[PDB]
Amino acid sequence: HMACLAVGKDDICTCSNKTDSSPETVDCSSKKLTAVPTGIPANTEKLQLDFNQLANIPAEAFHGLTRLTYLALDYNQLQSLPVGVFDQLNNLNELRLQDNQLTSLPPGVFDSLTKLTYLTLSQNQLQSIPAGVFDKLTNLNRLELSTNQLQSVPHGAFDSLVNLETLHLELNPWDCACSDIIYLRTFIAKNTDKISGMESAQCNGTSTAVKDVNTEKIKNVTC
Numbered sequence: 025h026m027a028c029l030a031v032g033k034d035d036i037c038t039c040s041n042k043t044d045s046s047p048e049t050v051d052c053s054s055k056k057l058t059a060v061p062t063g064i065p066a067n068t069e070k071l072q073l074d075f076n077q078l079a080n081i082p083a084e085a086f087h088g089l090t091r092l093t094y095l096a097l098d099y100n101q102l103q104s105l106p107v108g109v110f111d112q113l114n115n116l117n118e119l120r121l122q123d124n125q126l127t128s129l130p131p132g133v134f135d136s137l138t139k140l141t142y143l144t145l146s147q148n149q150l151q152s153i154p155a156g157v158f159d160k161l162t163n164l165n166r167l168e169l170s171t172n173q174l175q176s177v178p179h180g181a182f183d184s185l186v187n188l189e190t191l192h193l194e195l196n197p198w199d200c201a202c203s204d205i206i207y208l209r210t211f212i213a214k215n216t217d218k219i220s221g222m223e224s225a226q227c228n229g230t231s232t233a234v235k236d237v238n239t240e241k242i243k244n245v246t247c
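Residue 26 in the entry's author numbering sits at position 2 of the sequence shown; the count goes up by one each step and never skips.
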């Protein structure tokens with residue numbers, strides 16, 4: 025068995041042609057899948073692999089899905105993402121990766137996604153974020169990093185996000201005892217007026233708000 029028998033014919037997943045209320049959809053959600061099925065039609069616009077039991081994504085799983093605008097991989101058991109897994113996905117608008125077990129991301133993993141508007145990485149266990157990982161996402165409106173293991177963010181990580189409207193940073197063990205936090209502290213203070221949801225970023229996860237931190241003491245303490 026595969027994902028679809030045709031564009032509008034189900035197999036494992038529910039497969040719909042594009043309609044006036046929905047894009048061309050392959051719905052594999054809630055199927056307890058342990059593997060990404062083959063047979064995902066080339067013109068698929070919306071791929072829902074959320075709420076399954078995927079532990080690995082094949083590196084070439086999404087190659088050729090040029091029309092993909094929506095990709096849901098949230099609520100699985102992903103420990104990592106393959107290098108280049110989202111390359112070629114030029115038309116992607118939404119990428120849902122929340123509620124996995126991601127500890128890290130490959131550099132340049134989002135680079136092809138120049139039309140991405142919504143990115144969720146919340147409820148994982150990201151220990152760090154690679155430098156420049158968001159630099160290509162100039163059309164991003166909403167980014168969710170809440171509930172992870174981030175102690176800091178690389179200098180200038182959000183600077184290319186000129187169209188950002190919403191950024192969630194809460195429930196992260198932010199390290200406000202060293203100089204690396206100053207960039208984050210500064211970004212929140214400067215952009216709380218144009219980007220929402222940032223003020224919940226707290227030192228050590230649940231302590232003093234990063235935004236209100238006294239930086240004079242730690243400005244010279246190297247992390």
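Note that beta-carbon positions come from the ideal geometry of N, C-alpha and C, so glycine has one too.
Close Cβ partners of residue i (< 7 angstroms) along its chain, the five nearest in sequence each way excluded
{"i": "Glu189", "result": "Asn165, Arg166, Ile219 and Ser220"}
{"i": "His87", "result": "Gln112"}
{"i": "residue 13", "result": "With the chain running from 25 to 247 in the structure shown, residue 13 is simply not present."}
{"i": "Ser136", "result": "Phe110, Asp111, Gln112, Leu113 and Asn114"}
Cross-strand partners of residue i (DSSP beta bridge)
{"i": "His192", "result": "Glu168"}
{"i": "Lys33", "result": "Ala30"}
{"i": "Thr144", "result": "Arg120 and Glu168"}
{"i": "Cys227", "result": "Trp198"}
{"i": "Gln72", "result": "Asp51 and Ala96"}
{"i": "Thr38", "result": "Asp51"}
{"i": "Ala233", "result": "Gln226"}
{"i": "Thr43", "result": "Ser46"}
{"i": "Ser220", "result": "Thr190"}
Simplified DSSP state of residue i, which is helix, strand or coil
{"i": "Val107", "result": "coil"}
{"i": "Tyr99", "result": "coil"}
{"i": "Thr138", "result": "coil"}
{"i": "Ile205", "result": "helix"}
{"i": "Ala213", "result": "helix"}
Own chain partners of residue i with C-beta closer than 6 angstroms, once the 5 adjacent residues on each side are dropped
{"i": "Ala85", "result": "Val60"}
{"i": "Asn100", "result": "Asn76, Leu78 and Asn124"}
{"i": "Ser146", "result": "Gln122, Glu168, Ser170 and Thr171"}
{"i": "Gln103", "result": "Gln125"}
{"i": "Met26", "result": "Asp35, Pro61, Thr62 and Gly63"}
{"i": "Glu118", "result": "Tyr94 and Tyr142"}
Residue burial classification, residue i (beta-carbon count within 10 angstroms, cutoff 16)
{"i": "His192", "result": "buried"}
{"i": "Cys39", "result": "buried"}
{"i": "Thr210", "result": "exposed"}
Residue i at chain C interface by Cβ criterion, 8 angstroms
{"i": "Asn115", "result": "Absence of chain C from the displayed structure is noted, only one protein chain being present."}
Point to revise | Cβ pair count under 8 angstroms reaching 3, the stretch 157-165 against the stretch 216-235 | key: no
Review point. Can you find at least 3 beta carbon pairs, one from the stretch 60-70 and one from the stretch 102-112, that sit closer than 8 angstroms?
Key: no
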